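So here's one chain in two forms, each on its own in structure tokens, numbered structure 1 and structure 2.
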Structure 1
């Protein structure tokens, strides 16, 4: 009963602290889970250069891809774009494992407060830019729907979230004659019409006649039935 748990949300919301507690409790229920995020590797360098980013991503993924085979992974990343959550979902997909988006939610102002409280190690306007740029889980894709939405300002029940989750892990992942007779009578009708120069009124008649011929048949040998039809019109 393994599954990829895809946290999501802006910085300051409390993903890491969440992860740790979720992990700890989950593990209290004898479940082997590892917590992975790009920061794990981002912060192994002694400084940040944009060029590290290519490596940090490829590495963090391989990590996740590799771990999921054997363990619950809790992905501790911001995951703001929906392609980001797809990219993760695809690893789960690859191994046919369940997943669970968890949208640690909080209003821009509690976020702005929380950054400030953290010494604004990130320009406040970047929380604000990450806000206006965040893709709401589920707003565009049904696969993207949050399995949960946690309010971080409020107290937080991990016994409950654990319960709910394992329950989820228990799922297996969610990843002619009548035609010929019909479409061939339509054709015969388009001939008789477009050939016998019927007027609108007799048009409607043969049309209804066809619908009524058809009702009788349902109540059966294609060719037989079509001469039958051709005949019916000749008469009428």
Structure 2
């Protein structure tokens, strides 16, 4: 009756816009749905610090868990790693609810241009690295395969998507430190870039710096690693 909807897709792809549109159609069909995402909590702090991400994450999972007892939930978050998608499916699993992964995609050119339009809050170079490195959902686990893959440069038919999701809802549900280090070093890089307003060339060197640093680290303690990373950017 209640379902968990898990969005996944890169920054600028249109997750927030899609969530809002999908929620409006669902509510028009008398479904009680809430849209929840990490940016809810993250943007409630006046500044970003790496040490906030743990509270942001858990607070987000908590609200989803609480919500999914009474309401459909649409999870509006990049969900860049399969371990994130697994953590969310485990919430549905806990309350025996169905779930549907909706993967939104657009070409890199489109994502960059949308980024430029939004005032390049994330550096273009970082979205480009994200796009190159993204493992498309379902590439490894059957439980990770999307219910819908949606091309956000093409027409999207919300009624159809609502219809399919509400059908799915009546079906029977059947069913990492490296990800942390990868994710937080990328966020630190982005903060540094925006904070120090780095020129294009410097942006490139810092993205490369991170790459080389992750090559070394792979060949660990998450905090020690991220602390060394900040120290590295400062030195550099």
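Residue numbers count along the first chain shown, from 1. Note that the rigid core is defined as the largest set of C-alphas that superpose within 1.5 Å between two forms.
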Task: Chain form deposited with the RNA bound: structure number out of two - done: 1
Open item on the list: Out of 31, 34, 203, 40, I need the residue that shifts by 2 angstroms or more at the Cα between the two structures, core superposed.
Closed with: 203
Task: Is_shifted residue 184 between the two structures (CA, 2 Å cut-off, rigid core) - done: yes
Open item on the list: With a threshold of 2 Å on the C-alpha, tell me if residue 194 counts as moved between the two structures once the core is superposed.
Closed with: yes
Open item on the list: So that I can tell if residue 13 moves, could you say whether its C-alpha shifts by at least 2 Å between the two structures after the core superposition?
Closed with: no
Open item on the list: Once the core is aligned, what is the C-alpha displacement of residue 213 between the two structures? Give it in Å to one decimal.
Closed with: 67.8
Open item on the list: Using a rigid core fit, what is the CA shift at residue 73 between the two structures, in angstrom?
Closed with: 0.3
Open item on the list: Core superposed first, then measure: what is the displacement of the CA of residue 133 between the two structures, in Å?
Closed with: 2.5
